[PDB]
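Everything below concerns the one structure shown next.
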Amino acid sequence: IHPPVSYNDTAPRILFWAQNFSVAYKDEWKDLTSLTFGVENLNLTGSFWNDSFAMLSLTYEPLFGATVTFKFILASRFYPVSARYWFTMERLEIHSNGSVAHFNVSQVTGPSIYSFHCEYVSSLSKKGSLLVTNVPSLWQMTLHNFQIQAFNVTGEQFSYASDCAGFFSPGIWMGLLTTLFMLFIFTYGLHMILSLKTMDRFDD
Amino acid sequence: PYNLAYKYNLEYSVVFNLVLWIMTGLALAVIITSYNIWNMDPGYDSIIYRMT
Amino acid sequence: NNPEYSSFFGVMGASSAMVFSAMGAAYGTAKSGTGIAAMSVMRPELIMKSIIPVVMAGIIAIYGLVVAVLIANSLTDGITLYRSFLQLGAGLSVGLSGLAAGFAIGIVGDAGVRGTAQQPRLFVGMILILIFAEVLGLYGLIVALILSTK
Amino acid sequence: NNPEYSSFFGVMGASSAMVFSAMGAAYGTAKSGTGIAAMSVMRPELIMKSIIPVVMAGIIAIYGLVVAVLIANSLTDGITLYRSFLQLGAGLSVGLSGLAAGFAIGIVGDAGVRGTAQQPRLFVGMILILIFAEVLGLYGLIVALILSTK
Amino acid sequence: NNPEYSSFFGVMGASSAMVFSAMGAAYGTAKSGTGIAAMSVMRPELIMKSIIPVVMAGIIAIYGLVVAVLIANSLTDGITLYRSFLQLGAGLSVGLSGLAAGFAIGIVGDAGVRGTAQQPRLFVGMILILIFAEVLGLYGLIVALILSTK
Amino acid sequence: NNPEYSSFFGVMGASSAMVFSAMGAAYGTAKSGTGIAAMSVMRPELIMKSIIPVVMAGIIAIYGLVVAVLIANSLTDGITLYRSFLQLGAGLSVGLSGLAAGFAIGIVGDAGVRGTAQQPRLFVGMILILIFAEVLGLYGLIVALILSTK
Amino acid sequence: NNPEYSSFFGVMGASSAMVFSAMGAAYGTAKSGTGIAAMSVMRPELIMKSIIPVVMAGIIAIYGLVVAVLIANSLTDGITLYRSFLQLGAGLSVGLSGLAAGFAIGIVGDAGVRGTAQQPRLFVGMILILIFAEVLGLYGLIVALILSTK
Amino acid sequence: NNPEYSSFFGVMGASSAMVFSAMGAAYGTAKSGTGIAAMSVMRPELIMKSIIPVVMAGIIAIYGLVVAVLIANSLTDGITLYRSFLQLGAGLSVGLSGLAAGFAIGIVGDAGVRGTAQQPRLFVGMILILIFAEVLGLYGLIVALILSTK
Amino acid sequence: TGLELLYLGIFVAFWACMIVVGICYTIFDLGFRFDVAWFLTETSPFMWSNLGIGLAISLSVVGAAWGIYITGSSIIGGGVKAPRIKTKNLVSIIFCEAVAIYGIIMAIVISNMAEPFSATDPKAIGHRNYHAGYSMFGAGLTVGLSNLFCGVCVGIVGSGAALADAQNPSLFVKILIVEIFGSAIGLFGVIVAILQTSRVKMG
Ligand SMILES: CCCCCCCCCCCCCCCCCC(=O)OC[C@H](COP(=O)([O-])OCC[N+](C)(C)C)OC(=O)CCCCCCCCCCCCCCCCC
Ligand SMILES: CCCCCCCCCCCCCCCCCC(=O)OC[C@H](COP(=O)([O-])OCC[N+](C)(C)C)OC(=O)CCCCCCCCCCCCCCCCC
Ligand SMILES: CCCCCCCCCCCCCCCCCC(=O)OC[C@H](COP(=O)([O-])OCC[N+](C)(C)C)OC(=O)CCCCCCCCCCCCCCCCC
Ligand SMILES: CCCCCCCCCCCCCCCCCC(=O)OC[C@H](COP(=O)([O-])OCC[N+](C)(C)C)OC(=O)CCCCCCCCCCCCCCCCC
Ligand SMILES: CCCCCCCCCCCCCCCCCCCC(=O)O[C@H](COC(=O)CCCCCCCCCCCCCC)COP(=O)(O)OCCN
Ligand SMILES: CCCCCCCCCCCCCCCCCCCC(=O)O[C@H](COC(=O)CCCCCCCCCCCCCC)COP(=O)(O)OCCN
Ligand SMILES: CCCCCCCCCCCCCCCCCCCC(=O)O[C@H](COC(=O)CCCCCCCCCCCCCC)COP(=O)(O)OCCN
Ligand SMILES: CCCCCCCCCCCCCCCCCCCC(=O)O[C@H](COC(=O)CCCCCCCCCCCCCC)COP(=O)(O)OCCN
Ligand SMILES: CCCCCCCCCCCCCCCCCCCC(=O)O[C@H](COC(=O)CCCCCCCCCCCCCC)COP(=O)(O)OCCN
Ligand SMILES: *[C@@H]1O[C@H](CO)[C@@H](O[C@@H]2O[C@H](CO)[C@@H](O)[C@H](O)[C@H]2NC(C)=O)[C@H](O)[C@H]1NC(C)=O
Ligand SMILES: *[C@@H]1O[C@H](CO)[C@@H](O[C@@H]2O[C@H](CO)[C@@H](O)[C@H](O)[C@H]2NC(C)=O)[C@H](O)[C@H]1NC(C)=O
Ligand SMILES: *[C@@H]1O[C@H](CO)[C@@H](O[C@@H]2O[C@H](CO)[C@@H](O)[C@H](O)[C@H]2NC(C)=O)[C@H](O)[C@H]1NC(C)=O
Ligand SMILES: CC(C)CCC[C@@H](C)[C@H]1CC[C@H]2[C@@H]3CC=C4C[C@@H](O)CC[C@]4(C)[C@H]3CC[C@]12C
Ligand SMILES: CC(C)CCC[C@@H](C)[C@H]1CC[C@H]2[C@@H]3CC=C4C[C@@H](O)CC[C@]4(C)[C@H]3CC[C@]12C
Ligand SMILES: CC(C)CCC[C@@H](C)[C@H]1CC[C@H]2[C@@H]3CC=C4C[C@@H](O)CC[C@]4(C)[C@H]3CC[C@]12C
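Now the structure itself:
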C-alpha cells in the first residue's frame with residue numbers, strides 16, 4: 008500500500024491517497040500512481056494551506072512533453088444551518104504549457120473533521136463523472152479509490168471517511184417516492200377489489 | 270495503515286436498493302403464501318361436526 | 055445533459071394510467087355483473103337494459119387507455135425531468151380518477167340493477183347517478199390532457 | 055452510460071408480464087371453476103357451454119405470455135435504462151391489467167354460470183359482461199405493445 | 055471483471071424458482087387432498103380418478119424444479135449482472151406462475167372432486183379446467199426458459 | 055481479498071436449511087398429531103397406521119438437516135462471496151420447499167387420517183397424496199444440493 | 055453557533071403538548087358525552103350532575119394548552135439544541151400524559167355515569183376515580199413545567 | 055441568505071392546518087348529519103335545533119382556514135428555517151386539535167341528538183358538552199396563532 | 056382482517072426500522088449523513104409540483120366518487136318503495152360532484168404555475184423554484200384531501216337524508232342544510248390552496 012501524499016506545514020495538513028491515479032491528454036492515457044504515492048521527491052511546490060482553504064499541487068516534470076501541475080482546491084467554512092464546518096473539494100485545475108484546464112468536482116464534500124473517500128473520482132461518464140465540465144476539454148482523469156483530507160488532519164492517519172456512496176441517491180429517492188404513491192394507490196384498488204363478494208343464493 | 274476508508278463501491282445505492290426491495294418483496298410473498306396455506310380452510314368441515 | 059433515469063417516471067405514469075383505470079373498470083364490471091346475475095333470475099328482460107353500468111365501467115378503462123397511449127407515444131429518449139413528471143402527474147390523475155369512478159359505478163350499478171328489478175321507475179334514476187360517477191373519471195382524464203400537453 | 059444494472063427493470067418487466075397475468079388468469083380459472091362445480095350438480099348439460107369464463111381467463115394469460123416473450127426477446131446486454139424502463143412499464147401494464155381483468159372475469163363468470171343454472175337467458179348477458187372484462191386485459195396488452203415495440 | 059454481488063440475484067432466481075412453485079404445488083396437493091378425503095367417505099371408487107388434480111399440482115412443482123436446476127447450473131463465479139438479472143427474472147416468473155397455477159389447481163380440484171361425487175358427468179369438465187389452470191404454470195416455465203437461456 | 059462478511063450469508067443458508075424445514079416439519083407433525091387424536095377416539099386400531107403422515111413430515115426435517123450440515127461443513131473463513139451466496143440460496147430453497155411440503159403434509163395428513171377413520175379404502179389414496187407432497191421437499195433438497203456442491 | 059434546525063424539536067414540543075392533550079380531552083369529552091346521552095333518557099335530572107367527567111376532560115386540555123403556550127413563549131431563533139430538546143420532552147410528556155388521562159377519564163366517566171343511573175351511591179366513587187385519572191394528567195404537567203423552565 | 059428548502063415546513067404547516075381541520079369538521083358534520091337524519095323521522099320538529107352540533111363542527115374548519123390563511127400569507131420563498139418551523143408547528147397544532155375536536159363533536163352531537171329525540175331535557179346538556187369539545191379546537195387555534203405570529 | 060394484518064405489519068416494521076435507524080444515526084455521530092436538506096433539495100421540484108397537481112385532481116375525484124356511491128346506494132335502495140327520492144335527492148349527488156369540479160379547477164390553477172428551469176444545481180434552481188414546487192405540492196395536498204373529506208362527508212349526509220326522505224317528504228328540505236355545511240369545507244380547502252399558490256412562480 009503506497010503511502011498517502013502528505014503536504015506538511017509544521018505538520019500533515021493535506022493527505023491525498025488514490026489506489027489509482029491516471030490522466031489522459033488527447034485520449035493518450037498515462038498512470039501516475041507510481042510517480043505520485045511513495046516518491047520522496049514529489050514536486051509539491053505551489054501547494055498552500057489556509058486555515059479554511061487548501062490547495063494541493065502535484066506536479067510532474069516530463070508528463071506529456073511538458074511540466075503538468077494538478078491542483079486540487081478545497082475550502083471548508085462554517086455552515087449556519089449546523090454548527091459543523093463542511094469542507095468541499097471546490098475544483099481541480101490542470102496547468103500545462105501556459106494554459107489551464109478547469110474541472111468541477113461534484114460530490115466531494117463532507118464535515119471538515121472527516122476525510123472524504125469515493126471510488127472513481129473520475130471525469131469519465133462510466134466511472135461516476137465527478138470531475139465534470141461544460142467546456143469540452145482535452146484532459147481526462149481517473150482517481151480510483153480517491154480519499155482526501157485537507158482540514159482537521161492529525162498525524163499520518165486519515166480521520167473517519169464520509170463518502171459519496173450512500174444508501175439512496177436523488178434518482179433512487181424520486182423513484183422510491185413515485186413507486187410508494189403508486190403502491191398506495193394499487194393497494195387501495197386491490198383492497199377494494201378483493202372485498203368483492205358473490206351472492207351465495209338466487210331468488211326462487 | 271493510514272486508516273484508509275473502506276472501499277465502498279460507487280454503486281452502493283443501486284445494489285443496496287435492489288437487494289433490499291427484492292428481498293422485502295420476496296419475504297412478503299413468502300409470508301402471504303404461507304399465511305394463505307396455514308389459514309387455509311381445513312377442508313373437513315364435513316367431519317368437524319362428526320368428530321366433535 | 056438530462057439524467058438517464060428521467061424517462062422512468064413518465065413511463066410509470068403511462069402504465070399507471072392503464073393499470074388503475076383497468077382496475078377501476080374491472081371492479082365495476084365485477085360489481086355490476088354480480089348485480090345483473092342477481093337480478094336476471096327474476097327479471098330476465100332487463101338484462102340488456104341493466105348492462106349499462108358495465109358499459110360505463112368500460113368507458114372508464116378507455117379513458118385510461120387514451121391517456122396511456124397519449125403518454126406512451128410521447129416518451130422520447132431525451133425526455134426531460136419536467137416532461138417526465140408532467141406525464142407522471144397525468145398518469146396518476148387519470149389512473150386514480152378512473153379507479154374511484156369505477157368503484158362508484160360498480161357500487162351504484164350493483165344497487166340500481168336490483169332496484170330497477172324491484173321498481174322500474176328507478177332505471178332512469180340509476181342512470182342519472184351513474185353518469186355523474188363516470189364523469190369523475192373523465193375529470194381526471196381532462197386534467198391529464200392538460201398536464202401531458204402543458 | 056448504459057449502467058450495469060440497466061437490464062434489471064427490463065427483466066422485471068418480462069417476469070411481471072408473465073406473473074401478474076398468470077395470477078389474474080389463475081383467479082379467473084379458479085373462481086369460475088368453483089361456480090361450474092356448484093352449477094354442474096343440478097345442470098350437467100351446461101358444463102361444457104359454461105367453460106367460456108375459463109377460456110377468457112386463459113386468453114388473459116396468453117396476453118401476459120405474449121408481452122413477456124416480446125420483452126424477453128429484446129433484452130440486449132447493453133440495454134439503455136430508457137428501453138429497460140419502457141419494458142418494465144409494458145410488463146406492469148399488461149400484467150396488472152390482466153390481473154384486474156382476471157378478477158373481473160372470475161367474479162362475472164362465476165356469478166353468470168351459477169345464475170344461468172336458474173335463468174338460461176342470462177347466458178348471453180354473462181358473455182357480454184365477460185367480453186367487457188376481457189377487453190380490459192386487451193387494453194393493457196395494446197398499451198404494453200405500444201411501450202415495448204417503441 | 056464483474057461485481058462480486060452479481061451472483062446474488064442469480065441464486066435468488068433459482069431459490070425462488072423452487073420455493074414459490076413448491077408453495078403453489080403444496081397448496082394444490084393440500085386443497086385437493088382435503089377434497090378427495092371429503093369425497094372418499096361416500097364415493098370411495100372415485101379416489102384414484104380424483105388424484106388427478108394432485109398430479110397436476112405435482113407437475114407444477116416439476117416446472118419450478120426444472121427451471122431452478124437450469125439456473126442452478128448456469129451460475130458461475132463471474133456471472134455477469136445482466137445474466138444474473140435474467141436468471142432472477144426467470145426464477146420469479148416460473149415460481150410465481152407456478153404459485154398462481156397451484157392455487158388455481160387446488161381450488162378447482164377441490165371443487166370438482168367434491169362435485170364429481172354428486173354429478174359424475176362433471177369429471178371431464180373438471181379435467182378441462184385443471185388443464186386451463188395447469189397451462190398457466192407451463193406459460194411461466196416457457197417464459198422462464200426464454201429468460202434463463204437468453 | 056474477499057469481504058469479511060461473506061460467510062454471514064452462507065451461515066444463514068445453513069441455519070435457514072434447518073429452521074424453515076423444522077418449522078415445516080413441526081406444522082406437519084402438529085396437524086397430523088391433532089388428526090390422529092380425533093381419529094383415535096373412534097378407531098384406535100388405526101392409531102399406528104395414521105402415524106405415517108408424521109413420519110413423512112419428519113423426513114422433511116431430515117432433508118433440512120442434511121443440507122444444513124452440508125453447508126455447515128462447506129463454510130470457511132475465506133469463503134468467496136459467490137460460494138456464500140450459493141449456500142444461502144441452497145439453504146433458502148431447501149428450507150422453504152420443506153416448509154411448503156410440511157404445510158401440504160399437515161393438511162393432507164389431517165384430512166386423510168380423519169377420513170380413513172370412516173372410509174378405510176381412502177388410506178392408500180392418502181399415502182399417494184402424502185408422497186406427492188413429500189416430493190416437494192425432496193425437490194428443494196435436490197436444488198439445494200445442486201447449489202451447495204457447486 | 056447553534057443549528058438553525060434546533061427550534062424544530064422545540065416546536066414539536068409545543069405542537070405535541072396542544073395536540074395530544076386535545077386528543078385525550080376529546081376522547082374524554084366523547085366517551086362521557088355518549089354515556090350522558092345513554093343515561094339521560096331515563097334519568098334526566100342527572101344530566102347536569104353527570105357533567106363532571108367532561109369538565110375533568112376539559113381540564114386535561116387546559117394542561118396541554120398551558121405547556122404549549124409556555125413552550126410557544128420560550129421559543130427563540132437561536133434556541134440551543136439542549137433547550138429545544140427540553141421543550142420537546144416537556145411537550146411529549148404533557149401531551150401523552152394528558153392523552154392517557156383523557157382515555158382513563160373517558161372510560162371511567164362513561165362507566166360511572168351509566169352506573170349512577172342505576173346506583174346513586176356510586177356517584178362519589180366515580181368522582182374519586184375521576185380525580186385519580188385527572189391526577190395522571192397533572193403529573194405530566196408538573197414534569198413538563200420542570201422540563202420547560204430549566 | 056436562508057436555505058432553499060426552508061419554505062417546505064411552512065407549506066406543510068398550512069397544508070396540515072387545512073387538511074386535518076377539514077378532516078375533523080367533515081367527520082363532525084357527517085356523524086351529526088347521519089344522526090340528525092335518522093332522528094328526524096321520529097322527531098321532525100327538532101332538526102333545526104339539532105343542527106347546532108353541525109355548526110359547531112363547521113367552526114372547527116374555520117379555525118383551520120384562519121390559521122391556514124395566516125401561514126399562506128406570512129410564507130415567502132426566503133423565510134428563515136425558524137419561522138418555517140413555527141408555521142409547521144402552528145399548522146400541526148391547529149389541524150390536529152381541530153381533528154380531535156371534530157371527532158368529539160361528531161360523537162357527542164350524534165349521541166345527544168338521538169337522546170334529545172328520546173329526551174328533550176338533554177338538549178341543553180348536549181350543548182354544554184359540545185361547547186367543551188368545541189373549546190378544544192379553539193385551544194389549538196390559540197396555540198397556532200401564538201406560534202404563527204411569533 | 057388478513058389485509059389489515061398485512062398493513063399493520065408493514066406499518067409496524069417500517070416505523071420500528073425508522074426508530075432504530077434514527078437511533079443509530081444519532082448515536083454513531085453519523086447525523087451529517089441524514090441530510091434532510093439534501094433530500095428536499097436534490098429531489099426535483101417537478102416531482103413535488105406534479106404530485107401536487109395529480110393529488111389535487113385524483114383525491115378530489117376519489118372523494119366525489121366515495122360520496123356519490125355512499126349516497127347513491129341509499130337513494131336507489133329507498134326509491135324501491137318511494138321512487139320520488141330519485142327526483143329530489145339528486146342534489147346530494149350534485150354536491151358530491153361539485154367537489155370533483157373544485158379539484159380540476161385547482162389543478163388548473165396549480166398547473167398554470169409550472170415552468171421548466173434549465174438548471175440542476177440547487178443554487179441555480181433557487182429559492183423561488185424550490186418554494187414553487189413545495190407550495191404546489193402543498194396546495195395539491197390541501198385541495199385534494201379537503202375535497203376528499205368534504206365529498207365523503209356530503210355523501211354520508213346525503214345517504215342519511217335519502218333514508219329520511221323515504222319516510223317523510225318534508226325532511227329533506229331541512230336536512231340539506233347539513234350538506235351545505237358539509238360542502239363549505241371543500242370551498243375552504245380551495246381558498247387555502249389559492250392562497251398557497253398566490254405568489255408561486257417557477258422558472
Ligand atoms: C402500476 C403500478 C403498479 C404498482 C407499483 C409497482 C412499481 C414497481 C416499479 C419498479 C421499482 C422501481 C423502484 C424505484 C427505482 C426507479 C428507477 C430509478 O429511478 O432508478 C434510477 C437510478 C439512477 O441512479 P442515480 O444516478 O440517481 O444514483 C446516483 C449514482 N450512483 C448510482 C452511482 C450512486 O438507478 C437505479 O436503477 C437505482 C436502483 C433502483 C432499484 C430499486 C429496487 C426495485 C426493486 C423492484 C421491486 C421488487 C421486485 C421483486 C418482487 C418479488 C415478487 C413480488
Ligand atoms: C416487514 C414489512 C416489509 C418491510 C417494510 C418496511 C421497510 C423499511 C425500510 C428500511 C430502510 C431503512 C434505511 C436503511 C439505511 C439506514 C441504515 C442505518 O441506520 O444504518 C446505517 C447508518 C449509516 O451508515 P454509514 O453512513 O456509517 O455507512 C457508510 C455509508 N454507506 C454504507 C452507504 C457506504 O448507521 C450505521 O452505520 C449503522 C450500522 C448498523 C446498522 C443498523 C441499521 C438499523 C436497523 C437494524 C435493525 C432492523 C430494524 C427493524 C427491527 C426488526 C423489525 C421490526
Ligand atoms: C430485541 C431485538 C434484538 C436487538 C438487535 C436488533 C437488530 C439490530 C442489528 C441490525 C444489523 C446490524 C449489525 C451491525 C452491522 C455492521 C455495522 C457497522 O459497521 O457499524 C458501524 C457503525 C457506524 O460507524 P462507527 O461509529 O463504528 O464509525 C465511527 C463513526 N464516527 C467517527 C462518526 C463516530 O458503528 C458501529 O461500529 C456499530 C457496531 C454495533 C452495531 C449494532 C447494531 C445496531 C442496532 C442495535 C439495536 C438497537 C436497539 C437496542 C435496544 C433493543 C432492545 C429491544
Ligand atoms: C413512531 C412514531 C414516530 C416517532 C419515532 C420515530 C421518529 C424518527 C423517525 C424518522 C427516521 C429517524 C429520524 C432521525 C434521524 C437522525 C438524525 C441525526 O442523526 O441527527 C440528530 C440531530 C443532529 O445530530 P448531529 O450528529 O448533527 O449532532 C449535532 C451536532 N452539531 C450541533 C455540532 C451539528 O440531533 C438530534 O439528536 C436530534 C434528535 C433526533 C434524532 C433521534 C431520533 C429519535 C428516534 C426515536 C427514538 C427516541 C429515543 C428514545 C426512545 C423512547 C421514546 C419515548
Ligand atoms: C417492492 C415494491 C417497490 C419498491 C418499494 C417502493 C416503496 C417503498 C419506498 C419508500 C421509502 C422507504 C424508505 C425510507 C427511508 C427513510 C430514510 C432512510 C435514512 C437514510 O439513511 O437516509 C439518508 C438520507 O435520508 C434523508 O435525507 C431523509 C429523507 C427521509 C424522507 C422519507 C419520506 C418517505 C418515507 C416516509 C414518509 C411516507 C409518506 C410520503 C411522504 C441516506 O444517507 P446517504 O448516506 O445515502 O446520504 C448521502 C448524502 N448525504
Ligand atoms: C431463519 C434464519 C435465516 C434467515 C432468513 C434469510 C436471511 C438471509 C439473508 C438474506 C438477505 C440479504 C442477502 C445478501 C445481501 C447482500 C447482497 C450483496 C452482497 C454484498 O455485500 O455486496 C457488496 C456490495 O454491496 C453493496 O454495495 C450493497 C450491499 C448492501 C445490501 C443490504 C441489503 C439489505 C437487507 C436485505 C434483506 C432484508 C429483509 C430480508 C428478509 C460486495 O460488492 P463489492 O464489489 O463492493 O465487494 C466488496 C468490495 N467493495
Ligand atoms: C427464495 C424465496 C424467498 C427468500 C426470502 C424469504 C426469506 C424467509 C422470510 C419470509 C418468512 C418465512 C417464514 C414463513 C412464515 C409463516 C407464516 C405463517 C402465518 C400464520 O399462520 O401465522 C399467523 C400470524 O402471522 C404472522 O405472525 C406472520 C408471520 C411472521 C413474520 C415472519 C417474519 C419475522 C420477522 C423478521 C425479523 C427480522 C427482520 C430483519 C431485521 C397466524 O394467523 P392468525 O392471525 O389467524 O392466528 C390465529 C392462530 N394463532
Ligand atoms: C404480524 C407479524 C409480523 C409481520 C411482519 C412482516 C410484514 C407483514 C407481512 C404479513 C404478516 C401477517 C400475515 C398476513 C398475510 C397477508 C395478508 C393475509 C392473507 C392475504 O394476503 O390474503 C388475502 C389478501 O390476498 C392477497 O394475497 C393480497 C395481498 C398482497 C398484496 C400486496 C400489495 C401490498 C404491498 C405493500 C405496500 C403497501 C403498503 C400499505 C401500508 C387477505 O385475506 P382476507 O383478510 O380476505 O381473508 C382472511 C384470511 N386471509
Ligand atoms: C420521540 C419521537 C422523536 C421526536 C424527535 C424528532 C424526530 C424528527 C425526525 C426528523 C429527523 C430529526 C431532525 C433533526 C435531524 C435533521 C438532520 C440533520 C443533519 C444535518 O446536518 O443536515 C443538515 C441539513 O439538514 C437540515 O438542516 C434539515 C432541517 C429539517 C430537519 C427536520 C425535518 C424532519 C421532517 C419533518 C416533516 C414534517 C411533515 C409534516 C406533515 C446539514 O445541512 P448544511 O446546511 O450543513 O449542508 C451542508 C452541505 N454542504
Ligand atoms: C492504474 O490503471 C492503469 C490504467 O488506467 C493501469 O495501467 C493500465 O493497464 C492496462 C491493463 O493492463 C493497460 O491496457 C494500460 O495500457 C495501462 N496503462 C495505461 C496508462 O493505460 C495500472 O496498472 C493501474 N495501476 C495501479 C492500480 O497501480
Ligand atoms: C516544483 O513545482 C513548481 C510548481 O509547479 C515548479 O515551478 C513552476 O511552477 C509553475 C506553476 O505551476 C509552472 O507554470 C512552471 O512551469 C514551473 N516551472 C518549471 C521550470 O517547471 C518547479 O519547477 C518544480 N520544481 C522541480 C524541481 O521540479
Ligand atoms: C510530511 O511528514 C510526513 C510524516 O512524517 C511524511 O510522510 C510519512 O513519511 C514517513 C517517513 O518519514 C513514511 O513512513 C510514512 O508512510 C509517510 N506518511 C504519509 C501519510 O505520507 C511526508 O513525507 C512529509 N512530507 C514532506 C513534503 O516533507
Ligand atoms: C399454448 C398457446 C395457446 C399459447 C399462446 C399461443 C402462442 C403460440 C403465440 C400467440 C402469439 C405469439 C406471440 C406473437 C408475437 C411475438 C413477438 C415476437 O417478437 C416474439 C414472439 C411473440 C411474443 C409470440 C410468441 C408466441 C405467441 C404467444
Ligand atoms: C441422511 C443419511 C444418508 C445419513 C447421512 C448423514 C447426513 C446427516 C449427511 C449430511 C451432510 C453430510 C456431511 C457433509 C460434508 C462432510 C465433509 C466431508 O469431508 C466428510 C463427510 C461429511 C461430514 C458428510 C457426512 C454425511 C452428512 C453428515
Ligand atoms: C428421498 C431419497 C430416496 C432420494 C434419493 C435419490 C437420489 C438418487 C438423488 C436425490 C438427490 C440427488 C443429488 C442432488 C444434487 C447433487 C449435487 C450434484 O453436484 C451432483 C449430484 C447430486 C449429489 C445428486 C445425486 C442423486 C441424488 C442423491
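Residue numbers (my numbering), protein chains in the order written: chain A, 8 to 211; chain B, 270 to 321; chain C, 55 to 204; chain D, 55 to 204; chain E, 55 to 204; chain F, 55 to 204; chain G, 55 to 204; chain H, 55 to 204; chain I, 56 to 258.
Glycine residues also receive a C-beta, built at the ideal position from the N, C-alpha and C atoms.
Classification of residue i by the beta-carbon crowding that lies within 10 angstroms, buried from 16 upward
i: E/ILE125; result: buried
i: H/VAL123; result: buried
i: I/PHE66; result: exposed
Spatial neighbours of residue i in its chain, beta-carbon cut-off 7 Å, leaving aside the 5 residues before and after
i: residue 315 of chain I; result: Lying before the first or after the last residue shown, residue 315 of chain I is absent from chain I, which here runs from 56 to 258.
Q. Which residues have a Cβ closer than 7 Å to any heavy atom of ligand 6, listed in chain order?
A. B/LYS276, B/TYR277, B/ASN278, B/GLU280, B/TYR281, B/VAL284, B/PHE285, B/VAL288, B/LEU289, B/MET292, B/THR293, B/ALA296, E/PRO57, E/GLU58, E/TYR59, E/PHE62, F/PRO57, F/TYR59, F/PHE63, F/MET66, F/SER69, F/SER70, F/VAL73, F/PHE74, F/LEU135, F/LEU142, F/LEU146
Q: List in chain order: all unbroken alpha helix (DSSP H) runs of 4+ residues lying wholly within the stretch 12–82 of chain A.
A: Correct list: 40–43.
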